[PDB]
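Have a look at the structure below, then the notes.
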Amino acid sequence: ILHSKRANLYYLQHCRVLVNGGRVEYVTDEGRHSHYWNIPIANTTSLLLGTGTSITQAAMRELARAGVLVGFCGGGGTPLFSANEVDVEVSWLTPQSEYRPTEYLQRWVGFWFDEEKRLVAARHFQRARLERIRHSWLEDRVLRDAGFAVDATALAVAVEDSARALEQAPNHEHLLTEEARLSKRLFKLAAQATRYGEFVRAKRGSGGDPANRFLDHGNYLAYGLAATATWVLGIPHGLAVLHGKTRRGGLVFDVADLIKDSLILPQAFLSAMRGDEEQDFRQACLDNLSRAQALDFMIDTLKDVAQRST
Amino acid sequence: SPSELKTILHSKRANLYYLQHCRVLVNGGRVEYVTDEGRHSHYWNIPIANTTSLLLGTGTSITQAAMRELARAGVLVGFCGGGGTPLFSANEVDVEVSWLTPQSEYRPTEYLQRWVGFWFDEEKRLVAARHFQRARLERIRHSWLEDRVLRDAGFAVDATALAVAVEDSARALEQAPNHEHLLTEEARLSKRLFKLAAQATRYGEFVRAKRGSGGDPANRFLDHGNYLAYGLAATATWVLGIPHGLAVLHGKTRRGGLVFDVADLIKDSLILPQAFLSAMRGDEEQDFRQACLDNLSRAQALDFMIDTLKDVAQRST
Amino acid sequence: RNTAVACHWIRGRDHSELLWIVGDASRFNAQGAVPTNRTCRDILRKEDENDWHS
Amino acid sequence: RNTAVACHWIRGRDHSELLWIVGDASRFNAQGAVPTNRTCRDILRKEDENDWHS
DNA sequence: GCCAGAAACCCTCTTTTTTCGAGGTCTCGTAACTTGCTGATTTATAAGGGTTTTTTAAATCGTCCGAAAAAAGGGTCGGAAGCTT
DNA sequence: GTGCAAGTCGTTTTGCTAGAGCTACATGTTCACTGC
DNA sequence: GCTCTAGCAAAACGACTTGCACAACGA
């Protein structure tokens, strides 16, 4: 249930959170034996209330006493609906509320306005993304066994070439387009491996074939996971690195990018070819995300870029 | 759908709920809150579309599905103490309200960029604070001296004394060299307003209580009204995407300070007259809240709040 | 005892008020709203938790 | 076909009007009122008198 | 290019139209009846007083229902008390 | 003949009880044109 | 645990049927 070992983030489902006798208690079908009792309550913990759960104001009081962030997310924890805002660590605020302020916003803003540094960040994002493609498509054979048998030499050549291109070109405007070309080739490779036939990527949900729908669902979950990552870091969604400065919710899409083609896309084609239900697809996606430590990776990346930007 | 629901402009939704002793759940696709009534449990409707925020008090609980709906509609949820007390407070710590902001409804990206552009230089912040206060003074004058409703309700005030107090404070604001002096001026301004309000309302001598501990009706109403102001401020700052943390004035004794800084715009221009007015009438907390929300709706408090935030970000370029 | 009537006044543009209720006031809340559904089932379950904060 | 929703706009002061109806318009009259009782008994015995004035 | 109208597609309700099913009812076919043969063996039976099992009523108990009584609540009228003039 | 009131009786509306699942469907940018 | 769906039963509701009274109490 520990959703991110890097963030001390826990997912609670099928239980009520209430305060009896001055201690926050979980009313669950397992009673005393539920693992929720092992939840450490400290300023380092952060909760994610899941499906079928409710919380009492008294609990909110006790958690605030202990300084524990709370957030509501849907099935499996991908769509993050609402959460507590996290503080910002600077010398002029200084409340004693015992809430672990986080300093990453200052680091982010310290460079966000300098375009050259912003570009350097974009490059760093894409380096990470490609290396996660090469990892999941080649190094690990779980997909191979599942049925996603694809050629390697063509994929390796394409990825090598795109990586070679990343280290070049002057502005965001090229990077976006280079990624788009890589995207197209990856789609073609996946369709060939899946024997799905010809594939064309419609957008704004105009597609009707299973592949398109499953891609949309997968991307929706990925966005939710990224939103969780940013919220844990406290960075507002508007300070995008690679998407346009006017794009509402740009940053989450920047962060979501580092898994779409690594983990969502193959599963979308696999499930479409296998003829799965939408529910089966959702469960498979969440299982893949859990297996890959996705949230932890996207946390590590954001921290790495912050430290590297100095 | 997430769209076709956030169509009522947030600055024009006409409700703001305060709930106690109930469970906020979902029933038949609608978001409802249930209250024990002895005979039965009664389900009560909540129009999420026409709602700015929920404030949940003592003995209150909420379920996840309701959060999903409220987040979709862009409604804030806040857990607070019972009817005018902090949710948490111990030693010299206070946590007035714990806010659950929506995170799945992406918000504009410009006001945030301006705000964070200037928020990291104390002088620029100080200029913002000055603008906040000048707006507050302006609102005070317009509301107390140019509103027929408050006058007719019986809020006859000494124009000359108020005018000189406003001018004196405004000059001091201009003289303010740094934050501490600014806060002292805030304190002096505040109580002189209390003094004027009281004896203009036949209340007689009055004193402001500390940390929500007041006994007399006036202090209790003021403490309760503050939360209504907090709620409107929280939604005002959210709808522009500005995080609560980035305060300018009250930040260094409060979590999510910017809410309080914004709330001061409306704390005194409204609320303060209504509190004493209700006390005169011998009203009951239920009534005071009802009348206060009516005034806040008539004066378009949220719109003024939103405009001011836009302007001060705007003005910092 | 079954009688229950509520009277609302529109004192102007974009504001309305409650004047009086005749009969069983329990059929309305303070603002004059009416419950959507009611059940004798114990949905609130206030029994579960207690106020012994120490 | 069972939907019948009428929307009235209070123009303030002494006046109000009907904006639109969704669904079966026959459940309301032009001014948006609703019939209070319905019957298939042969009230209004048109059959009795005729128009042959001459 | 703009505007309007008409037409094709989606969903559900309302109403006949058709269909179905139960069941009710009648009539004739026919496998198993009835009637007729003998003689050795088994079974039933005429009366009535003393004796087992079931029926039947009465009493009891329990439950249910309805009605009546009591409680509760909505409201009006008149009078007294308190406050203000 | 018109309308009231007491009694009937077909819908129609609400709540109760089991039982079963566990959603929420794009997101490349900048800027010129369009409403109040 | 929370909510939705399907099936049921009780109650509320409105129209119909019948028998009959035929009203409205300052100057």
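No value in this document is a laboratory result; all are computed from the given coordinates. Virtual Cβ from ideal backbone geometry, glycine too; neighbours counted across all protein chains shown.
Going Cα to Cα from B:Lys12, which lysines come in below 18 Å? Please leave out same-chain ones fewer than 8 positions away.
B:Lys310
What span do the alpha-carbon atoms of chain D cover on each of the three principal axes, reported in whole Å from largest to smallest?
51, 30, 17
Which entries of A:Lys203/B:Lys6; A:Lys5/B:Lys124; A:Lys245/B:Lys6 have Cα-Cα distances beyond 29 Å here? Mind showing how you got there, number by number?
Working: A:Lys203/B:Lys6 23 Å; A:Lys5/B:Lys124 40 Å; A:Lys245/B:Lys6 23 Å.
From A:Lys203/B:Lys6; A:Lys5/B:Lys124; A:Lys245/B:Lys6, over 29 Å: A:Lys5/B:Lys124.
Run the simple label-point estimate for A:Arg127 and B:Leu183 please: 7 Å along Cα→C-beta, distance reported in nm.
Roughly 4.5 nm, to one decimal.
At C:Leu19, label 7 Å along Cα→Cβ: distances to the other copies, nm, ascending?
Copy-to-copy label distances for C:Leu19: 2.4 nm.
How high is the relative contact order of the range A:1-95? Use alpha-carbon pairs under 8 Å, at least six apart in sequence, and give a whole percent.
It comes to 26 percent, rounded to a whole number.
Of all DSSP beta bridges located in the protein assembly as shown, what percent are antiparallel, nearest 5?
Antiparallel: roughly 70 percent of the beta bridges in the protein assembly as shown.
Rounded, prolate or oblate: which one fits the range A:1-77, using the alpha carbon gyration tensor with axes a ≥ b ≥ c (rounded when a/c is under 1.5, else prolate when a/b beats b/c, else oblate)?
Details: a/c = 1.38, a/b = 1.07, b/c = 1.29.
Rounded, since a/c falls under 1.5.
Can you figure out the FRET efficiency of D:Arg13 with B:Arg151, using R₀ = 30 Å and their beta-carbon distance, to the nearest 0.05? It would help to have the intermediate numbers written out before the result.
On the way: r = 22 Å, r/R0 = 0.75.
The calculated FRET efficiency here is 0.85.
Please compute P(r) over all alpha-carbon pairs of the protein assembly as shown, binned at 20 Å starting from zero, and give each bin as a whole-number percent.
The percentages, shortest bin first, are 14, 43, 31, 10, 2, 0.
Under 5 Å between amide H atoms, partner at least 5 residues away or on a different chain: which partners does A:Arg247 have, H built in plane at 1.01 Å?
none
Quick one: which residues, 5 or more positions from B:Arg30 or on another chain, have an amide H under 5 Å from its amide H? H modelled 1.01 Å from N in the peptide plane, none for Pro or chain starts.
none
Along Cα→Cβ at 7 Å, what distances in nm separate the D:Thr3 label point from those on the other copies, shortest first?
Label-point distances to the other copies, shortest first: 3.9 nm.
Scan around A:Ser82 for amide H atoms under 5 Å from its own, H built in the peptide plane at 1.01 Å from N, and keep only partners 5 or more places away or cross-chain.
A:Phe72, B:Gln103
How long, wide and thick is the range A:263-310, going by the Cα atoms along their three principal axes, in whole angstroms, largest first?
49, 15, 13
Against the longest alpha carbon principal axis of chain A, how many degrees, from 0 to 90 and to the nearest 10, is the axis of helix A:57-66 turned?
80
Give me the distance between the Cα centres of the range A:7-32 and chain D, rounded to whole Å.
Between the Cα centres of the range A:7-32 and chain D lies a distance of 57 Å.
Out of all DSSP beta bridges with both ends in chain B, state the antiparallel percent to the nearest 5.
Given both bridge residues lie in chain B, the antiparallel proportion sits at roughly 65 percent.
Of the residues A:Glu116, A:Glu85, A:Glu30, which exhibits the maximal mean-square fluctuation in a Gaussian network model of chain A defined by a 10 Å Cα contact cut-off?
Ranking A:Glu116, A:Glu85, A:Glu30 by mean-square fluctuation puts A:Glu30 first.
How large is the helix-only mean residue ellipticity at 222 nm for chain A, computed as the sum of -39500 (n - 2.57) over DSSP H runs with n ≥ 4, divided by its residue count, in deg cm²/dmol to the nearest 500? Working shown, then result.
Numbers: 11 runs with 156 residues, N = 310.
So the calculated ellipticity at 222 nm is -16500 deg cm²/dmol.
Quick check: the angle from helix A:115-134's long axis to the longest principal axis of chain A, C-alpha only, nearest 10 degrees?
Taking the Cα atoms of chain A, the angle to A:115-134 is about 80 degrees.
What value in Å³ per residue do you get for the convex hull of the alpha-carbon atoms in chain B?
On the way: hull volume 45.2 nm³, N = 317.
Convex hull of Cα atoms, per residue: 143 Å³.
Taking Cα centroids, how far is the range A:128-179 from the range B:122-145 in Å?
The distance from the Cα centre of the range A:128-179 to that of the range B:122-145 comes to 55 Å.
Give the angle, between 0 and 90 degrees and rounded to the nearest 10, that separates the Cα long axis of helix A:294-309 from the longest principal axis of the Cα atoms of chain A.
90
Calculate the length of the line joining the C-alpha centroid of the range B:289-316 to that of the range B:46-109, in whole Å.
The range B:289-316 and the range B:46-109 have Cα centres spaced 19 Å from each other.
Give me the one-decimal nm value for the distance between modelled label points at D:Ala30 and B:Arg211, 7 Å along each residue's Cα-to-Cβ direction.
Taking the simple label geometry, D:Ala30 and B:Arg211 are separated by 7.0 nm.
How big is the range A:109-254 on each of its three principal axes, counting only the C-alpha atoms and giving the largest first in Å?
Its Cα atoms span 47, 32, 27 Å along the three principal axes.
Per-residue HN-Hα couplings for the range D:10-15, Karplus 6.51 cos²θ - 1.76 cosθ + 1.60 at θ = phi - 60°, whole Hz, x for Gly and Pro?
Rounded to whole hertz, the list is 8, 7, x, 6, 9, 10.
So what is the relative contact order for the range B:110-317, in percent, with contacts set as C-alpha pairs under 8 Å and at least six apart?
Computed value for the range B:110-317: 30 percent relative contact order.
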